[PDB]
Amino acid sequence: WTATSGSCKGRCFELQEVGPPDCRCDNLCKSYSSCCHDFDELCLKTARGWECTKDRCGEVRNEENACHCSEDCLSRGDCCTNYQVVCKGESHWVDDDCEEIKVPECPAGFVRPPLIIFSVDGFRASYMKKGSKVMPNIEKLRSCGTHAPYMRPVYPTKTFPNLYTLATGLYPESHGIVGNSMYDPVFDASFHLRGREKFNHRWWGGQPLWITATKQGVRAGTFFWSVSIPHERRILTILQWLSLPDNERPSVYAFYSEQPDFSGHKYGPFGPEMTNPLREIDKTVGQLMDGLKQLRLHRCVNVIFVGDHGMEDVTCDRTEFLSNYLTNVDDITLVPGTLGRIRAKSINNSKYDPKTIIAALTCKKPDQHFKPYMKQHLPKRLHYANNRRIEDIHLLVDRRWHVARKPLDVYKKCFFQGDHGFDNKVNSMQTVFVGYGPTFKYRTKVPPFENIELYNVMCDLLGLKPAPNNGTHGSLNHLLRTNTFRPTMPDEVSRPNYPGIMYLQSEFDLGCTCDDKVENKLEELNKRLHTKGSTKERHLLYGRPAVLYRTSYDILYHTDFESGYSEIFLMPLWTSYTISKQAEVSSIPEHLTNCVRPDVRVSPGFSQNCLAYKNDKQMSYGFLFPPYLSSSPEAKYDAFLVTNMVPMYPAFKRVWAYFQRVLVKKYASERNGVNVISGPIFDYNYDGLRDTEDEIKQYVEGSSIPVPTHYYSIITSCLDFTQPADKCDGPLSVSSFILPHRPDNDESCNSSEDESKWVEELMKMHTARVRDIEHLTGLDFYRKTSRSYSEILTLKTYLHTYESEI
């Protein structure tokens, strides 16, 4: 109930909202039914259009036009954005040469350059290029400001998760908005786009930009709009807000466009109908820029132009139904679309068996267009698991296709030509980003960047301090003209031991068969120098990884590889090694095949044993420094130390082997050397953060040897590949992955063939940023380089997509 009898005489687009049932007149009163009776009248004016004709010039002010061309309009704040143009013979903004904005040029009373966040829905990355002809304003912004080729959204590439990520800098698994659709088990309730539930604040976590501004005494415009306010009125309202007396006037404002998403769903991404909704936007950007010029603000405001996701060609026929894969299709409940999520229809169903459901969905049709995962097994770069609103069963869907539950859910429950929500590394899903303003650079391209990073930029731009988020503060300094944030390397918490020889073979009892007992003054001295580290700047190019939590670990040196061995986890946390282009792969000689040797540097108490492995028919073992890539047949013995051993499933061993044996040399060739760091990853809680001892769930049977859930690798070389990895004195180049340590290869439908045909494909799928590994290992890389720390952060936010050209 609401008694909407109060008036809006004077509360037109008021900023603070009123507590029910006194009627409201803010830009959202519509969505809550509770507008003021005269709201429509007083605040949705429409007469004479949105543009000043040449006759309306210097008219007598009439209070119920939509905007005014009367001589007072400028200083009343309600001029039409083209008023100066027509009536006072001024040019449109777009018709101006871009001038470098060296210092911010603000009218007095403006403490700080205000921020305008202009968000356009579904604005695919390539619209900038393929549309430039019909978008002159948006092309000025881009070319004169600072843009990236494309901005990577987040999964799921849906509207709500992506808009609240921009405003929080948090993954959806963190803010809790994990789809446009969303059942919550604890709340017993569903969140849908149509309905009122979306308003309950209980779905929304983290601190959005607007709350962050306000908590710190920076006034914030309103960010959401009622869908019934026309865009031209939206811009007038913003320009109206800008005319407010200093202490009533917001510092950060927001525009939102339903286009081009709305059209794009109907015509596909480049339906020839699409040219026109694009023009609208550019027209609107024109109005906004024209209005800023009106107010002498146009060289003082920072505008951010940005999308939430792109659009892809998608149609009703390219739809897989599950009722073609299952039997009891009515015992589940599916969240369908460009991605499937599955759950029981009842938890009064204890006869629900998720293993069976997944099974019945794996490689079941030769050209299957989705793939089932349990949520913990999704690529870690998606960060889509650590929430109870995300169902344990997920269906990752092919670009261009849909998943639905039954045929009856599609014909009467075809029409459209485009959808969105696919894997976020897909090129059709990429969106846009330009920054124009005094605080941005002038005619400057920046590399692609994930959207999680904007919140930090926006706090910087507004003089705020960022609430804890998932971006990497400083990683986007290369965008800004001046930076509030001087980022700083985190201090090392744990210091390493550097253990010497302290044990004799006989003190060990690991049950470790080896054949190595045949063996000077020359190189009985050189090998000593290997275990001290005369080759330490050969295999550790960027300095020792920093351990950022409290533990006891050792630095073990060798001829070919350095490792940080954990006494607690009983394996290395990292192994680093250079493979120059001239490196050579070799075989594992017949006598040395089941060779596992005791490490006389580490206690038998802090070593693993071969016996637990023999007794475990589920577990085999593997090696971090590959034996295949030994420098000498003498150095090859080094790779067989029990301290280089890690546990591997036989199924995973296949993937691992091909990577070490084949791929490492491959890259080594292509990039003129690579430095490879590798190690385990323990994340049983799928939070994306390193597990500690007390949370280990799996052990190598009958031992204290914990089983990694993933294994990672960082592969770095010179960015200028004409320099050897181990002499690159310029920017770097990296690429990483985090493969799930799994006992089958059911993820890979080509598994039963040659590794040459499916491994490299599975690695590309599970690629990751160095930063992601950093969260998962609690480590910190690239400590000793010649490069700026800001440059290094950018490096670590990088994701290799293995996609084609945008």
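Each residue number is its position in the shown sequence, starting from 1. Note that the rigid core is defined as the largest set of C-alphas that superpose within 1.5 Å between two forms.
Once the rigid core is lined up, would you tell me whether 347-355 or 94-102 has the higher RMS CA deviation in 6 other deposited structures of this protein? If we average over structures and residues in 6 other deposited structures of this protein, the farther stretch is 347-355.
Between 719-727 and 484-492, report the one with more C-alpha displacement in 6 other deposited structures of this protein relative to this form after a rigid core superposition. Taking the RMS over all superposed structures in 6 other deposited structures of this protein, 484-492 lies farther out.
Quick one: classify how much of the deposited chain lacks coordinates between residue 519 and residue 520, choosing none, 1 to 3, 4 to 9, or 10 or more. Unresolved stretch here: 1 to 3 residues.
Per the entry, how many residues of the deposited chain go unmodelled between residue 413 and residue 414: none, 1 to 3, 4 to 9, or 10 or more? Missing residues, residue 413 to residue 414: 4 to 9.
Given 14-22 and 788-796, the range whose Cα B-factors average higher in the PDB entry: The recorded data point to 14-22.
Compare the mean C-alpha B-factor of 645-653 with that of 244-252 as given in the PDB entry, and name the stretch with the higher value. Comparing averages over the C-alpha atoms only gives 244-252.
Pick out which of 126, 427, 735, 586 has the highest C-alpha B-factor in the PDB entry. Top of the list by C-alpha B-factor: 735.
Determine which member of 161, 336, 268, 708 has the highest CA B-factor, using the values in the deposited entry. Among 161, 336, 268, 708, the PDB entry lists the largest C-alpha B-factor for 336.
Third of the chain's Cα B-factor distribution that residue 110 belongs to, per the entry: Tercile = highest for this residue's CA B-factor.
By the record's CA B-factor, is residue 747 among the lowest, middle or highest third of residues in the chain? Within its chain, residue 747 is a middle-third residue by C-alpha B-factor, going by the deposited values.
Place residue 776 in the lowest, middle or highest third of its chain's C-alpha B-factors, as listed in the PDB entry. Its C-alpha B-factor belongs to the middle third of this chain's values.
Where the record places residue 756 (Cα B-factor, split into thirds across the chain): It belongs to the middle third of the chain when residues are ordered by C-alpha B-factor.
By its CA B factor, does residue 591 count among the lowest, middle or highest third of the modelled residues in the chain? It belongs to the highest third of the chain when residues are ordered by C-alpha B-factor.
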